[PDB]
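Visitor: PDB entry and its sequence, pasted below:
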Amino acid sequence: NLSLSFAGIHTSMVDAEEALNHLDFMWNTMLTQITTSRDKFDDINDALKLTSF
Amino acid sequence: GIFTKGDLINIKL
Amino acid sequence: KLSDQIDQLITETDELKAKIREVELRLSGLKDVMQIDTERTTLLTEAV
Amino acid sequence: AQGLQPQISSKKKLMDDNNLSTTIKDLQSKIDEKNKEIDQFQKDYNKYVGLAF
Amino acid sequence: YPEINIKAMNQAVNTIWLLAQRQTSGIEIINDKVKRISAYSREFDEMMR
């Protein structure tokens, strides 16, 4: 009987496995794009000529 | 999107 | 004593024959879920 | 709302899957088993009372 | 626009709802696997019509 109890728990975790992987990959996409936005924005200073700005 | 509404249910399940 | 052996044996069968009831009640319920994916394909490949 | 049409078909499927054609045969096995003991104990009581006199 | 047999489909929608209530798994997570599948498929037939 206890094997069936874990069987659903294992089945719940397999669906929780796939769900978090898509969740992590979107935040990893967003945390990348915020980071590469900030680091390129640190080049901004008044010495930049206006086309290069 | 990638993270669908069925994904977020499966976690909350 | 020899009759009481059979009295246990008939009791131990139907207790165990009650177990295959629950397994078959489960397995038939699970094969019902297995048919859902077969008709989910006929639903979706038409709707695609 | 659970559908009324499958709720009938749920019960109608339950009325076909029933042990009632089996357990009656199973209980009449045990009654005919226990009748063989009773038909044997009458032989015992008609023997020990014969011995007791 | 080749071929769409909704006789094979609206049966298949209805049987998924039919097999949703019918199933006797006796477990608590398939019981909200199928309920989420079947409530989509019924609403899928409604929203298509």
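Guide: Received, thanks. Numbers count the residues shown, from 1 in each chain, chains lettered A, B, ... in the order given.
Visitor: Where does residue D:40 sit, in terms of helix or strand?
Guide: According to DSSP states H and E, residue D:40 maps onto helix D:20-52.
Visitor: Show me what that helix is packed against.
Guide: helix C:2-47 (3 or more C-beta pairs under 8 Å, 6 or more residues apart in numbering or on different chains; DSSP states H and E). Yep, even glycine has a C-beta here, placed from its N, CA and C like the rest.
Visitor: So which other helices or strands are in contact with the helix it packs on?
Guide: helix D:20-52, helix E:6-22, helix E:34-48.
Visitor: how much space between residue E:40 and chain A?
Guide: 16 Å (C-beta to the nearest C-beta, to the nearest Å).
Visitor: Which residue is the nearest non-sequential neighbour of the one residue sitting closest to the centre of chain B?
Guide: Central residue of chain B (C-alpha atoms, centre = their mean): residue B:7, 1.7 Å from the mean position. Closest residue to residue B:7 apart from its sequence neighbours, by C-beta to C-beta, 6 or more residues apart in numbering or on different chains: residue A:19 at 3.9 Å.
Visitor: Give me the buried stretch members for the helix or strand where that neighbour lies, please.
Guide: Here residue A:19, judged by DSSP H and E, is contained in helix A:2-41. Using 16 or more other C-beta atoms under 10 Å in any protein chain shown as the test for burial, helix A:2-41 gives A:8, A:12, A:15, A:19.
Visitor: can you check stretch C:22-42 too?
Guide: By neighbour count on 16+ other C-beta under 10 Å, the buried set for stretch C:22-42 is C:29, C:32, C:33, C:36, C:39.
Visitor: OK, contacts around the first one?
Guide: Contact criterion C-beta atoms under 8 Å, 6 or more residues apart in numbering or on different chains gives E:23, E:24, E:25, E:26 as the residues in contact with residue C:29.
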